[PDB]
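Trainee: Below is a structure I'd like to ask you about.
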Ligand SMILES: OC[C@H]1O[C@@H](O)[C@H](O)[C@@H](O)[C@H]1O
Ligand SMILES: OC[C@H]1O[C@@H](O)[C@H](O)[C@@H](O)[C@H]1O
Ligand SMILES: [Mg+2]
Ligand SMILES: [Mg+2]
Ligand SMILES: [Mn+2]
Ligand SMILES: [Mn+2]
Ligand code: NA
Ligand code: NA
Ligand code: NA
Ligand code: NA
Ligand code: NA
Ligand code: NA
Ligand code: NA
Ligand code: NA
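Residue numbers (the UniProt record's numbering), protein chains in the order written: chain Z, 2 to 251; chain E, 510 to 638; chain X, 897 to 1025; chain H, 2 to 1025.
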């Protein structure tokens, strides 16, 4: 079935190059928002979509814009189709793990600016809070990776692909995939980058990757407790960690 | 996972009292001990005028230690705002869409409109009850 | 009777007893038009006429049910805007009414709330001020 | 007067310890938000309020909370009172400068945490973006200061009072003060901390306090420009400053709510595309001037901005502080008697905008302001007037980026001083050329009062200094309706001193003795024209131009005659356009008991609804948009008349004229709507035109690509060829069919195959007309031809008075004779009705002849009406028939103007086409009034379920119609009060009175008035 791309019909291809999942923490100093208007075009199926390895900003620049985050079935004048409601029944034929060959494909593009010092100071990532159904990601005409799981997040290391000045982000989003079979909630079928997109700037030489906090009572009488804090630090250039717990607020 | 072979909790959706009660008795031993409790992950389907008999479910919750309550399906109608031609008027009006309104090949109609709150996320008599 | 909102045999206990005025109440609009606006366990009903006092209505020995509206075509109405309205109001004065249940997905109206087929006997007074 | 505190009754006590005003810049790293829940208590008057020098957090902690920012008259269950609406009249007694002794006092309290290091690292301030009316401020039980000026901001140094750990902020807010007298805008009276509160943390040893950016063209040819940057640094511990200017982003930039509101900086790399750099040297002036090579002009039509970064740099070479903002290269001049931007004499396509939200009042979320502005751009607006005070400081960037010509106005209205005078002297009308003499007599109380000079100057100083770096602001305004006096001259001197780069406006200064512009509100054309001629010399030169700071009062159904104003704007160089009053109705959401229902409904409140002692009723409901800030037919009409491209189709030609000020037509796609194929239109500059030969009837000018906040395909302008009235080719059945005719005692009956016609001879009433399964009958109360409409807001002051006086609503038809004869030229029967149509109690009326010619499938109705009798009314609201439609009635369709309502002096935005009732959302007025008329109707089709259609048309002339089920509109105060019948009716009218703007402004113009005269018209009722 070569008229439908391999990654859309492979249940094991859950992601390509996605960073391991970590506990979520929003930090104003690290999270830069990439929400706003993006260049966007819709295509009948993947084969009509441009090869992102050759897509310039000069070319994409000329497309209509859509605002991120939003669903593409919920636009002014229903420009890109309408919502579909199914409870149980799949809105596609069942031929596991194949999606239909006719498979609405949305391509998103925008740019962001990077400093001379920024690339020296920070490890750069892209974080997508939710994209339905799945997508491939390109930076500066280069393939970064792939992802499935519509209501899960995803982070990707961008450091290798990044340049001083203008940077190009292109996201190819597909409506159906092998994943559709396991996403059949009794709800509206809706597509697109429907959650936040962020550029993360983490300190380069060393930074906090993951944290784990548990509270366990030592006792049958639920009084004294053990507070356990486990931190996974990434990189060598650090000395130690401090922890300060504050008086409670009722 | 009905028998919780790989879960820590028993869970039913929309059961009758008879069905809740049989389950309890089959999982309470001679001592009065049970190994796992029952929750209703979904009950009292809140579609339209209703749900009825939330009272009788609650009586059951308070009465037995085996029952630890439940979660109503659902918080709010999934209506989407759109423009509908009125059957009464011949004119265009703001309305809330469910299956069929966006002219789907296949759809499940009003089944998306099953909340304690309406499409605009405001309380219905269901939530008041 | 029960208020300020609607009440039904198996969905009424949140509506406490009191004296209620139609003017103080925002009538609830369902997203999908259906049976609404009944008041159960009504002790007495006063209907006010401009410059002519009131008409008091009560049922002997047992509280009653009522609805006052100008609406029709609710069955066929797909959305709120599809609901037709008469040029005058009507009183729906009921001895009894079927419960509401959760049968769209779940148990039927429980036995003690079903309006079962049987003989009916009831007396009303229409008392004019 | 010791029972009222000194500071509340002292006009000179404008503030205590307030820091000097500086240019506003939001910085995420410096601004910490103190918004959220605060402890709050309300007190009857100041003397009941606690001494803040002794108030603990432990004590305040126990109070109820209110959320900041919000008004205290807009709380859950109206906990702390209700809003009060006054237009002119003060809601207090006048005893300048004393407020009432009973003076609602709200005390606010919250805490914030301070670090050990924070006090070492930073100078700490408190900034309040707006508090109504005035307040004293305490930190840690210590008095910090005092402030007045409700829509101005204020900063206070907090460093001395601050402690490590828990800090206590207490704010005592008073509703009335000496300041109230100068804050009497036509709006809701609302109180409290209604805008943001922030804790500022500035770097301690040295920091950027103020910045000043000007762009001046070196040249008569508006090419090279001098960019001047002056920075005021506070403290010694810095080396120099750096400035980086970046390559421009064209004004056609795409924006949305999300990107406009994005506030992120710090680690975000501002821009990379460097255009120019500059550095100061150690120990030298922290200011500079640089020559810029032919920069991209900023304009409202193309708001091109150059981003910049300003860095304060320490001895070690590190960045102490940054400011990231933008430069707009533009210059405003009074040149050859015109307001000129970049050499060009511009046109204001403007609107007055208050801060208003239907639930939050003047505490408008930015999200909602963006909503307003996007909508304005979508309806061809290019200018905004900040009536009548500055907005939230963050709004001005939106103007810069979206492109609006902005009049930023001082928070100063004195109107209330006039009211007793108006009443004492029984004053009926004010006129723009003459009215300033009425304000002159009361000026001494405030605007000519030397005790108020400091306050007036402060409103001016605060206005300018906060907003001085926004290229979109081209005019400073001294306030609104504050008479004229020495204080205004003082304001003018100060502003020119502080900001030489802009022009000064003040409408109350008729002769612009201390203003740079002439300004009228609601003038007639005669009045505009006289002024022009008296200020144009023999050479054709004028010294200053005229704008209309307010015109075309948009209250309710209206405004009428925007067309005739616009013709004047384009015709004379002396007129530079104007601003509609107002952007949106000020309705507040509330729960109203329905007059139709006896039940509770959501409605929008105006004066009287919150049961005020004194109020000004519906006068708050005067917007182009409704209370929910959505377009009314007023806005739809405005977009058309101000369209920046003219498209005229006549004589096999399309003439297209570019009516922009700066941009070409190149971004527009011109479509021939008859074929759907584009017309190749050359690039047209401002004022250039082209004639293209074409067979077309209908041409549209639309956006090629997404630009600004507009989408590809958005309609900017359009034109149509005039459509002749074509008689539809309906075929009348003239075949000889026998007909049963019964001329009874009272009722006349005509029965044939597929036909049943019954007329009541006593009344002139069609009891029933049933042709081929379709039924109509007369909607009859008194007369078969009626004249009444539910009065518009514009009808209320005069026309309604007249119509009511002449009993037009009580017109009666008195039948004299009915003639019945057999058909002749193919007709079945002729029924002729002779009557007088005349109201009770009056002589005047119409000798009327109604001739019904009945065919098998058609009814011809010829109406002759001859006006007779002494003491006649000047005009009528309308004249026509009312029919009940049968139960089968389902929808309608018409050839004419649409999709929405149209009236004689408000119709040109509704283009000709075939329209279906089903495709149209009928507009609901906030205040129920005349609506839903369709003028210039060629024909009307009424569809009946399973019985085809009834086609209606008028001979030789287009007609008017409305189809509804509504009644009781006259008495209905709110939408929910409107009554509805169990069936629909057709209002079929020969003619209809215009709409005008007389609630405030000119009467319906003569050619739009339905003048009293004879009427003669023929209708066909053709049944399928
Ligand atoms: O309202 C019907 C509901 O039925 C439940 O069984 C299901 O878990 C829900 O997702 C929803 O489909
Ligand atoms: O709607 C009446 C309006 O009248 C104008 O004279 C005034 O400037 C406006 O602020 C408003 O009062
Ligand atoms: Mg399901
Ligand atoms: Mg005023
Ligand atoms: Mn509908
Ligand atoms: Mn009302
Ligand atoms: Na589904
Ligand atoms: Na339990
Ligand atoms: Na459902
Ligand atoms: Na229905
Ligand atoms: Na006022
Ligand atoms: Na002009
Ligand atoms: Na007003
Ligand atoms: Na009215």
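C-beta: ideal position from N, C-alpha, C; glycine also.
If the cut is a Cβ gap below 7 angstroms, which residues of chain E does residue 112 of chain Z touch?
Mentor: Under the 7 angstroms cutoff, chain E gives no residues; its nearest Cβ is about 32 angstroms from residue 112 of chain Z.
Trainee: For residue 922 of chain H, go through chain E and note every residue whose CB falls closer than 9 angstroms to its CB, in chain order.
Mentor: By Cβ distance, chain E contributes 592, 600, 601, 602, 603.
Trainee: For the pair the region 71 to 87 of chain Z and the region 153 to 172 of chain Z, tell me if three or more CB-CB distances fall below 8 angstroms.
Mentor: no
Trainee: Hey, residue 601 of chain E and residue 979 of chain H: beta-carbon distance below 9 angstroms or not?
Mentor: No.
Trainee: Can you name the residues of chain Z whose CB is closer than 7 angstroms to the CB of residue 613 of chain E?
Mentor: 85, 86
Trainee: For residue 253 of chain H, return the contacting residues in chain Z, with the cut-off set at a CB-CB distance below 9 angstroms.
Mentor: Going along chain Z, no residue has its Cβ under 9 angstroms from residue 253 of chain H, so there is no contact; the nearest lies around 12 angstroms.
Trainee: Compare the C-beta of residue 810 of chain H against all C-beta atoms of chain Z and say whether one is closer than 9 angstroms.
Mentor: no
Trainee: Quick one: which unbroken alpha helix (DSSP H) runs of 4-plus residues sit fully inside the region 114 to 151 of chain Z? Chain order, please.
Mentor: 117 to 122
Trainee: Anyone know if the C-beta pair for residue 845 of chain H and residue 878 of chain H falls short of 9 angstroms?
Mentor: No, they are not a contact pair.
Trainee: Name the two residues that bound the continuous beta strand (DSSP E) containing residue 943 of chain H.
Mentor: 940 to 945
Trainee: Cβ of residue 616 of chain E versus every heavy atom of ligand 5: is any distance shorter than 8 angstroms?
Mentor: no
Trainee: Run through the region 896 to 977 of chain H for me and flag every whole beta strand (DSSP E) of 3 or more residues, listed as ranges in chain order.
Mentor: 913 to 917, 935 to 938, 940 to 945, 949 to 955, 960 to 968
Trainee: Which of the three DSSP states, helix, strand or coil, is assigned to residue 1010 of chain X?
Mentor: coil
Trainee: So, are the CB atoms of residue 175 of chain Z and residue 102 of chain Z less than 9 angstroms apart?
Mentor: Cβ atoms of residue 175 of chain Z and residue 102 of chain Z: not closer than 9 angstroms.
Trainee: Tell me whether the beta-carbon of residue 415 of chain H lies closer than 9 angstroms to the beta-carbon of residue 183 of chain H.
Mentor: yes
Trainee: For residue 812 of chain H, tell me which candidate among H:119, H:841, H:468 has the shortest Cα-Cα distance.
Mentor: The residue from H:119, H:841, H:468 with its alpha-carbon nearest to that of residue 812 of chain H is H:841.
Trainee: Going by C-alpha to C-alpha distance, which of H:606, H:957, H:829, H:562 sits closest to residue 1003 of chain H?
Mentor: H:562
Trainee: List the endpoints of the continuous alpha helix (DSSP H) containing residue 489 of chain H.
Mentor: Residue 489 of chain H: member of the alpha helix (DSSP H) spanning 487 to 499, first to last residue.
Trainee: Residue 898 of chain X touches chain H at which residues, Cβ-Cβ below 7 angstroms?
Mentor: By Cβ distance, chain H contributes nothing, its closest Cβ being about 17 angstroms from residue 898 of chain X, past 7 angstroms.
Trainee: If you pair each beta-carbon of the region 267 to 274 of chain H with each one of the region 104 to 118 of chain Z, do three or more pairs fall below 8 angstroms?
Mentor: yes
Trainee: Whose Cβ in chain H lies nearer than 7 angstroms to the Cβ of residue 166 of chain Z?
Mentor: 273
Trainee: Quick check: what's the CA-CA separation for residue 280 of chain H versus residue 325 of chain H?
Mentor: 16 angstroms
Trainee: Looking at residue 187 of chain Z and ligand 3, is the gap between the Cβ and the nearest heavy atom below 8 angstroms?
Mentor: Distance from the C-beta of residue 187 of chain Z to the nearest heavy atom of ligand 3 is below 8 angstroms.
Trainee: Rounded to the nearest angstrom, how far is the Cβ of residue 41 of chain Z from that of residue 132 of chain Z, given a contact under 8 angstroms?
Mentor: The Cβ separation is near 13 angstroms, so there is no contact.
Trainee: On the DSSP bridge assignment, give the partners of residue 721 of chain H in chain order.
Mentor: H:699
Trainee: When we look at the beta-carbon of residue 197 of chain H and count the other beta-carbons within 10 Å, is it buried (16 or more) or exposed?
Mentor: By the 10 Å Cβ count, residue 197 of chain H comes out buried.
Trainee: So if I threshold CB-CB distances at 8 angstroms, which residues from the region 36 to 58 of chain Z count as touching chain H?
Mentor: 36, 37, 38
Trainee: Does residue 807 of chain H pass the burial test, meaning 16 or more other C-beta atoms within 10 Å, or should it be called exposed?
Mentor: buried
Trainee: Once DSSP output is grouped into helix, strand and coil, what is the label at residue 377 of chain H?
Mentor: helix
Trainee: Let me know the secondary structure DSSP gives residue 402 of chain H once reduced to three states.
Mentor: helix
Trainee: Excluding five sequence neighbours on each side, which residues of the same chain lie with their C-beta closer than 8 angstroms to the C-beta of residue 237 of chain H?
Mentor: 206, 207
Trainee: Residue 431 of chain H by DSSP, collapsed to three states: which one?
Mentor: Reduced to three states, the DSSP call for residue 431 of chain H is coil.
Trainee: Can you tell me whether residue 571 of chain E is buried or exposed, with buried defined as 16 or more other CB within 10 angstroms of its CB?
Mentor: That one is exposed.
Trainee: Please state if the CB of residue 194 of chain H and the CB of residue 69 of chain H are separated by a distance shorter than 9 angstroms.
Mentor: The answer is yes: Cβ separation under 9 angstroms.
Trainee: With a CB to CB cut of under 8 angstroms and the five nearest residues on each side skipped, what residues in its chain are close to residue 224 of chain Z?
Mentor: 218
Trainee: Looking at ligand 1, does it come within less than 8 angstroms of residue 583 of chain E, judged from the CB to the closest heavy atom?
Mentor: Yes.
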